[PDB]
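Okay, structure first, notes after.
Protein chains: 2
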Amino acid sequence: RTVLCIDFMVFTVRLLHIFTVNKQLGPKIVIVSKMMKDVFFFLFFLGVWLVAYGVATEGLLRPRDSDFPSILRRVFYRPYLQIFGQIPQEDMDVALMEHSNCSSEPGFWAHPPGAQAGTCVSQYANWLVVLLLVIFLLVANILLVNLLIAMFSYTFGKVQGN
Amino acid sequence: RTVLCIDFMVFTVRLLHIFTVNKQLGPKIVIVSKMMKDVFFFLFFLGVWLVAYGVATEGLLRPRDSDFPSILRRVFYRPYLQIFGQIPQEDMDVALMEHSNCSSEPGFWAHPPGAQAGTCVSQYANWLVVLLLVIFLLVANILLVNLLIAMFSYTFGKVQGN
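Residue numbers (PDB author numbering), protein chains in the order written: chain A, 892 to 1053; chain B, 892 to 1053.
If you want it as structure tokens, here you go:
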């Protein structure tokens, strides 16, 4: 079943061949093909930033779950969604979480309510975590996305004739 | 640990040196460097607006916590996130908050549910607070962000050749 579901996705995508007929859409489909250069740039640039921010945030929190699947979730997945307005403040800002004793390790700790946010996260320098969240949103959510729009605007104008 | 986490961020950012090799990405990285002029303009313009809106909103609410760290949170942090779809209506709109007696000070008061939204906020002219929220979103979330995209589109076209 799983592979078929993906297979159905391939068939549906093949349906774009229709738009190659209409004289007002055929050129558009061609231009889209030439945008892949810009998209790959954005991905590589974003991928670098996500790794940079994702790892740093995870390092500061020191969540106790530290299970490899979850680690990847908090390092790549959760930061990725923050680009699209999904910002789980209660899972990163210590000010919004209960204070409780979890581990004998020295320092203070907080208990996030999120199921996959880690059982308990350190709060040593939590203001730094929030600061990075502010920087991350600024860079990824504004600079990169807007930069990508700029590249499309330029590329679209250039390759419209060809 | 904290400084290392930041340090790791520096190393990862250094990884962008790779893109300077590919002939289709090298120019892109250079252009990004020339966009800093536009970003700084946006920041200064936004920073002014955040201070203007953030302080005014805080002044109207008169939250009872009035603790300097929290004051900065409600003046800069919370308004900042509103740019990215995080709009805590229940922490600003009196219509969505319980009415309770908190302080002997004259006037009416409401108890926001947010942990960092202030124990009790005045509701004298709350419609004004909502009005500013409407103006803030219009200016910051549409005019500025779109204006920034316009600057990138122009700058990208200009400096592509050089």
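We put the CB at the ideal spot given by N, CA and C, even for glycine.
DSSP, reduced to helix, strand and coil, places A:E996 outside both helices and strands of the structure shown, so it counts as coil. Leaving aside the five residues that flank A:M926 on each side, the residues in its chain whose CB is nearer than 7 Å to its CB run, in chain order, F1043, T1046. Remark: fewer than three beta-carbon pairs, one from each stretch, lie closer than 8 Å, so the region 910 to 925 of chain A and the region 971 to 989 of chain A are not flagged as touching. For B:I974 against B:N913, the beta-carbon gap comes to about 33 Å, at or over 8 Å, which does not count as contact.
Put simply, the CB of B:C1011 is far from chain A, with every gap to its CB atoms at 7 Å or more. With fewer than 16 other beta carbons inside 10 angstroms of its own, A:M900 counts as exposed. Taking 7 Å as the cut-off, the beta carbon of A:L1039 is found no closer than this to the beta carbon of A:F935. Proximity of chain B to A:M1042 at the Cβ level (cut-off 8 Å) is accounted for by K919, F1047, in chain order. DSSP lists A:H1002 as the beta-bridge partner residues of A:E989. Between B:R953 and B:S1013, the C-beta spacing is below 7 Å. For A:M983, there is no enclosing alpha helix (DSSP H), as DSSP marks it with neither H nor E. Residue state for A:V912 is assigned as coil, using DSSP reduced to three classes. For A:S1013, the secondary structure class from DSSP, reduced to helix, strand or coil, is strand.
Annotation: the continuous alpha helix (DSSP H) that includes B:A943 extends over 927 to 952.
Of all residues in the region 930 to 954 of chain A, the ones placed with a Cβ closer than 9 Å to any Cβ belonging to chain B are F931, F932, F935, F936, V939, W940, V942, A943, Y944, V946, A947, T948, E949, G950, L951, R953, in chain order. Annotation: the continuous alpha helix (DSSP H) that includes B:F1043 extends over 1036 to 1050. Look at the beta carbons and you see the region 935 to 950 of chain B touching the region 963 to 973 of chain B: at least three pairs across the two are nearer than 8 Å.
Taking a C-beta cut-off of 8 Å against chain A, the contacting residues of the region 892 to 921 of chain B are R892, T893, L895, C896, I897, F899, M900, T903, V904, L906, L907, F910, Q915, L916, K919, listed in chain order.
Not one beta carbon of chain A lies nearer than 7 Å to the beta carbon of B:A1008.
The shortest CA-to-CA distance from A:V939 to any of A:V966, A:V894, A:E996 is the one to A:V966. Taking a Cβ-Cβ cut-off of 7 Å, the neighbours of A:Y1015 in chain B comprise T893, given in sequence order.
Taking 9 Å as the upper bound on Cβ-Cβ separation, chain A lies near residues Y971, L972, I974, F975, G976, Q977 of the region 969 to 980 of chain B. At a cut-off of 7 Å between beta carbons, A:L1039 makes no contact with chain B.
Where A:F899 is concerned, the enclosing alpha helix (DSSP H) starts and stops at 893 to 905.
Where A:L1029 is concerned, there is no enclosing alpha helix (DSSP H), because DSSP gives it neither an H nor an E. If you draw a straight line from the Cα of A:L916 to the Cα of A:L951, it is about 50 Å long. Below the 8 Å Cβ cutoff, chain A contributes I1033, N1037 as neighbours of B:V1036, in chain order. Counting only residues of its own chain and dropping the five nearest sequence neighbours on each side, B:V1050 has a CB closer than 7 Å to the CB of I922, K925. The C-beta of A:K928 comes closer than 7 Å to at least one C-beta of chain B. At least one beta carbon of chain B lies nearer than 7 Å to the beta carbon of A:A986. Listed along the chain, the chain A residues whose CB falls inside 9 Å of the CB of B:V923 are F936, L1034, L1038. Annotation for A:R969: the continuous alpha helix (DSSP H) segment containing it runs 969 to 972.
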